[PDB]
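Chemist: Contents are PDB, C-alpha atoms; file name model_34.pdb:
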```
ATOM      1  CA  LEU I   4       0.000   0.000   0.000
ATOM      2  CA  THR I   5       2.524   2.583   1.108
ATOM      3  CA  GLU I   6       4.795   1.476  -1.765
ATOM      4  CA  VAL I   7       1.961   1.171  -4.230
ATOM      5  CA  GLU I   8       0.745   4.687  -3.541
ATOM      6  CA  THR I   9       3.610   6.731  -4.952
ATOM      7  CA  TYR I  10       3.552   4.539  -8.042
ATOM      8  CA  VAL I  11      -0.200   5.005  -8.399
ATOM      9  CA  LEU I  12      -0.002   8.799  -7.978
ATOM     10  CA  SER I  13       2.796   9.056 -10.539
ATOM     11  CA  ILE I  14       0.337   8.298 -13.357
ATOM     12  CA  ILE I  15      -2.168  10.905 -12.210
ATOM     13  CA  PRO I  16      -1.841  14.206 -14.023
ATOM     14  CA  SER I  17      -1.030  17.185 -11.795
ATOM     15  CA  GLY I  18      -3.793  19.190 -10.105
ATOM     16  CA  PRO I  19      -6.118  19.031  -7.068
ATOM     17  CA  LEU I  20      -7.374  15.649  -8.426
ATOM     18  CA  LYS I  21      -4.077  13.899  -7.493
ATOM     19  CA  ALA I  22      -4.564  15.148  -3.928
ATOM     20  CA  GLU I  23      -8.204  14.035  -3.873
ATOM     21  CA  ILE I  24      -7.093  10.575  -4.971
ATOM     22  CA  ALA I  25      -4.195  10.283  -2.500
ATOM     23  CA  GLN I  26      -6.599  11.371   0.229
ATOM     24  CA  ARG I  27      -9.125   8.723  -0.828
ATOM     25  CA  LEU I  28      -6.608   5.878  -1.177
ATOM     26  CA  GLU I  29      -5.288   6.563   2.306
ATOM     27  CA  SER I  30      -8.665   6.721   4.079
ATOM     28  CA  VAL I  31      -9.814   3.544   2.320
ATOM     29  CA  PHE I  32      -6.498   1.849   3.192
ATOM     30  CA  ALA I  33      -6.912   2.863   6.806
ATOM     31  CA  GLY I  34     -10.459   1.520   6.900
ATOM     32  CA  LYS I  35     -11.759   5.033   7.597
ATOM     33  CA  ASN I  36     -13.798   5.324   4.430
ATOM     34  CA  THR I  37     -15.844   2.160   3.993
ATOM     35  CA  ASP I  38     -18.252   3.333   1.293
ATOM     36  CA  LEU I  39     -16.990   1.576  -1.856
ATOM     37  CA  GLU I  40     -20.125   2.571  -3.769
ATOM     38  CA  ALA I  41     -19.868   6.274  -3.114
ATOM     39  CA  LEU I  42     -16.195   5.824  -3.995
ATOM     40  CA  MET I  43     -16.758   3.955  -7.278
ATOM     41  CA  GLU I  44     -19.384   6.479  -8.444
ATOM     42  CA  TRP I  45     -16.999   9.262  -7.486
ATOM     43  CA  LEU I  46     -14.168   7.665  -9.505
ATOM     44  CA  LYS I  47     -16.429   6.795 -12.483
ATOM     45  CA  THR I  48     -17.433  10.447 -12.918
ATOM     46  CA  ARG I  49     -13.939  12.000 -12.641
ATOM     47  CA  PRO I  50     -12.722  14.079 -15.596
ATOM     48  CA  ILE I  51      -9.111  14.194 -16.872
ATOM     49  CA  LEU I  52      -8.270  10.564 -16.041
ATOM     50  CA  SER I  53      -7.872   8.321 -19.078
ATOM     51  CA  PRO I  54     -10.150   5.272 -19.023
ATOM     52  CA  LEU I  55      -7.118   3.037 -18.403
ATOM     53  CA  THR I  56      -6.147   5.100 -15.354
ATOM     54  CA  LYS I  57      -9.673   4.946 -13.955
ATOM     55  CA  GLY I  58      -9.668   1.179 -14.414
ATOM     56  CA  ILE I  59      -6.360   0.888 -12.613
ATOM     57  CA  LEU I  60      -7.613   3.025  -9.722
ATOM     58  CA  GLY I  61     -10.882   1.083  -9.648
ATOM     59  CA  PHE I  62      -8.811  -2.076  -9.359
ATOM     60  CA  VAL I  63      -6.662  -0.666  -6.544
ATOM     61  CA  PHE I  64      -9.743   0.516  -4.620
ATOM     62  CA  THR I  65     -11.495  -2.810  -5.099
ATOM     63  CA  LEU I  66      -8.296  -4.323  -3.741
ATOM     64  CA  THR I  67      -7.955  -2.051  -0.703
ATOM     65  CA  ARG I  77     -18.088  -2.384 -12.430
ATOM     66  CA  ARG I  78     -18.391  -2.091 -16.190
ATOM     67  CA  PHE I  79     -16.224   1.018 -16.519
ATOM     68  CA  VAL I  80     -13.395  -0.865 -14.810
ATOM     69  CA  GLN I  81     -13.803  -4.083 -16.806
ATOM     70  CA  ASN I  82     -13.932  -2.177 -20.073
ATOM     71  CA  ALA I  83     -11.022   0.084 -19.166
ATOM     72  CA  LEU I  84      -8.749  -2.821 -18.248
ATOM     73  CA  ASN I  85      -9.703  -4.544 -21.506
ATOM     74  CA  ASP I  89      -5.548  -7.147 -28.278
ATOM     75  CA  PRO I  90      -5.703 -10.926 -28.592
ATOM     76  CA  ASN I  91      -1.901 -10.770 -28.350
ATOM     77  CA  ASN I  92      -2.287  -8.765 -25.119
ATOM     78  CA  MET I  93      -4.905 -11.218 -23.919
ATOM     79  CA  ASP I  94      -2.649 -14.190 -24.635
ATOM     80  CA  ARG I  95       0.268 -12.583 -22.795
ATOM     81  CA  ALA I  96      -2.044 -11.639 -19.911
ATOM     82  CA  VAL I  97      -2.968 -15.312 -19.444
ATOM     83  CA  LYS I  98       0.719 -16.216 -19.468
ATOM     84  CA  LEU I  99       1.458 -13.570 -16.826
ATOM     85  CA  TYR I 100      -1.508 -14.736 -14.781
ATOM     86  CA  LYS I 101      -0.146 -18.284 -14.759
ATOM     87  CA  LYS I 102       2.950 -16.870 -13.079
ATOM     88  CA  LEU I 103       1.125 -14.576 -10.630
ATOM     89  CA  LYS I 104      -0.975 -17.475  -9.331
ATOM     90  CA  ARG I 105       2.383 -18.789  -8.198
ATOM     91  CA  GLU I 106       3.556 -15.493  -6.634
ATOM     92  CA  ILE I 107       3.317 -15.040  -2.884
ATOM     93  CA  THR I 108       5.377 -11.836  -2.448
ATOM     94  CA  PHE I 109       4.919  -8.259  -3.718
ATOM     95  CA  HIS I 110       8.380  -7.926  -5.286
ATOM     96  CA  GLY I 111       8.288 -11.387  -6.838
ATOM     97  CA  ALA I 112       5.031 -10.369  -8.503
ATOM     98  CA  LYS I 113       6.279  -6.898  -9.438
ATOM     99  CA  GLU I 114       9.512  -8.164 -10.980
ATOM    100  CA  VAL I 115       7.763 -10.754 -13.128
ATOM    101  CA  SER I 116       5.109  -8.280 -14.304
ATOM    102  CA  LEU I 117       7.637  -5.684 -15.419
ATOM    103  CA  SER I 118       8.707  -8.089 -18.138
ATOM    104  CA  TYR I 119       5.321  -7.691 -19.827
ATOM    105  CA  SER I 120       3.882  -4.876 -21.920
ATOM    106  CA  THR I 121       1.422  -2.337 -20.558
ATOM    107  CA  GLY I 122      -1.335  -3.843 -22.678
ATOM    108  CA  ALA I 123      -0.675  -7.323 -21.284
ATOM    109  CA  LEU I 124      -0.564  -5.980 -17.716
ATOM    110  CA  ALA I 125      -3.859  -4.115 -18.095
ATOM    111  CA  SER I 126      -5.504  -7.180 -19.574
ATOM    112  CA  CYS I 127      -4.060  -9.229 -16.721
ATOM    113  CA  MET I 128      -5.628  -6.856 -14.179
ATOM    114  CA  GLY I 129      -8.806  -7.393 -16.149
ATOM    115  CA  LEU I 130      -8.574 -11.175 -15.749
ATOM    116  CA  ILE I 131      -8.083 -10.900 -11.979
ATOM    117  CA  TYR I 132     -10.802  -8.274 -11.558
ATOM    118  CA  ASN I 133     -13.240 -10.962 -12.808
ATOM    119  CA  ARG I 134     -11.550 -13.608 -10.662
ATOM    120  CA  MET I 135     -10.775 -12.111  -7.245
ATOM    121  CA  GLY I 136      -9.111 -14.739  -5.042
ATOM    122  CA  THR I 137      -7.149 -16.419  -7.828
ATOM    123  CA  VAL I 138      -4.040 -14.440  -6.887
ATOM    124  CA  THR I 139      -3.053 -13.171  -3.450
ATOM    125  CA  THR I 140      -3.393  -9.518  -2.552
ATOM    126  CA  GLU I 141       0.384  -9.057  -2.455
ATOM    127  CA  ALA I 142       0.557 -10.419  -5.979
ATOM    128  CA  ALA I 143      -2.252  -8.111  -7.130
ATOM    129  CA  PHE I 144      -0.476  -5.126  -5.587
ATOM    130  CA  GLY I 145       2.784  -6.161  -7.321
ATOM    131  CA  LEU I 146       1.016  -6.159 -10.684
ATOM    132  CA  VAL I 147      -0.566  -2.757 -10.025
ATOM    133  CA  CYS I 148       2.844  -1.387  -9.151
ATOM    134  CA  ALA I 149       4.496  -2.708 -12.330
ATOM    135  CA  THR I 150       1.664  -1.419 -14.515
ATOM    136  CA  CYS I 151       1.822   2.054 -13.027
ATOM    137  CA  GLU I 152       5.585   2.086 -13.309
ATOM    138  CA  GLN I 153       5.513   1.211 -17.018
ATOM    139  CA  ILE I 154       2.816   3.824 -17.633
ATOM    140  CA  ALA I 155       4.841   6.518 -15.836
ATOM    141  CA  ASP I 156       7.951   5.560 -17.811
ATOM    142  CA  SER I 157       6.358   6.844 -21.041
TER
END
```
Please express what this file holds, its structure, as structure tokens.

Modeler:
Amino acid sequence: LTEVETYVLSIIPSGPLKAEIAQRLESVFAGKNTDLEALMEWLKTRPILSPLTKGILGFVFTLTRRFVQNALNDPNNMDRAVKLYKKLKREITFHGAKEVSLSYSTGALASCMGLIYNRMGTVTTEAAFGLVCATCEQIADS
């Protein structure tokens, strides 16, 4: 979480929105804000954020919806996603997961988040965080 965050914020364009998001990630994290629905509707209606970025945030929040499924979602990316997912099912640590994921393209990583978002419980939370981190990192690096 505390690692994840700075990686997540790095793909948010500058402005008061970044602060709103950091604020919301932290209060969810801390179990202070428990209203996922109010949160998801809030996120769904945010301007500025690319659909992919909304989907990634939606995933993170769900971790800590059609617009998320569609955002995360070509066949080449889907094939690679399955191959990454095979590995992540076998990942128990955050860094193990992160290091493996970084070897895949942004499209494969997004699609892989998509796979897991329809199959929560098929990879551990640490693994899911690792994937989020790698995805954000690749996005920021371009």

Chemist: Run through the PyMOL selection byres ((chain I and resi 108) around 10) on the given coordinates and return the selected residues as JSON, numbers by chain.

Modeler: {"I": [103, 105, 106, 107, 109, 110, 111, 112, 113, 139, 140, 141, 142, 143, 144, 145]}

Chemist: Using all atoms listed in the file - which residues lie no farther than 9 Å from the point (2.5, -3.3, -17.1) in the file's frame? Write them as JSON, numbers by chain.

Modeler: {"I": [116, 117, 118, 119, 120, 121, 122, 123, 124, 125, 127, 146, 147, 148, 149, 150, 151, 152, 153, 154]}

Chemist: Determine the residue membership of the PyMOL selection byres ((chain I and resi 42-54) around 12) for the file above and supply it as number ranges by chain.

Modeler: I: 12, 14-21, 23-24, 26-28, 30-31, 36-41, 55-65, 67, 77-85, 125, 154

Chemist: Skip residue 130 (chain I) itself and residues of its chain fewer than 6 positions away, then list as a ChimeraX atom specification all residues within 8 Å of it, counting only C-alpha atoms.

Modeler: /I:96-97,100

Chemist: Give me, please, the distance in Å between CA of residue 126 (chain I) and CA of residue 93 (chain I), quoted to one decimal.

Modeler: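 That distance, rounded to one decimal, is 6.0 Å.
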
Chemist: To one decimal place in Å, what is the distance between CA of residue 25 (chain I) and CA of residue 137 (chain I)?

Modeler: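 Spanning CA of residue 25 (chain I) to CA of residue 137 (chain I) is a straight-line distance of 27.4 Å.
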
Chemist: With all atoms listed in the file as the basis for distance, which of I:99, I:155, I:33, I:11 is at the shortest distance from residue 129 (chain I)?

Modeler: I:99

Chemist: Do you have the CA of residue 104 (chain I)-CA of residue 90 (chain I) distance handy?

Modeler: 20.9 Å

Chemist: Could you tell me which of I:115, I:34, I:156, I:132 comes closest to residue 10 (chain I) if we count all atoms listed in the file?

Modeler: I:156
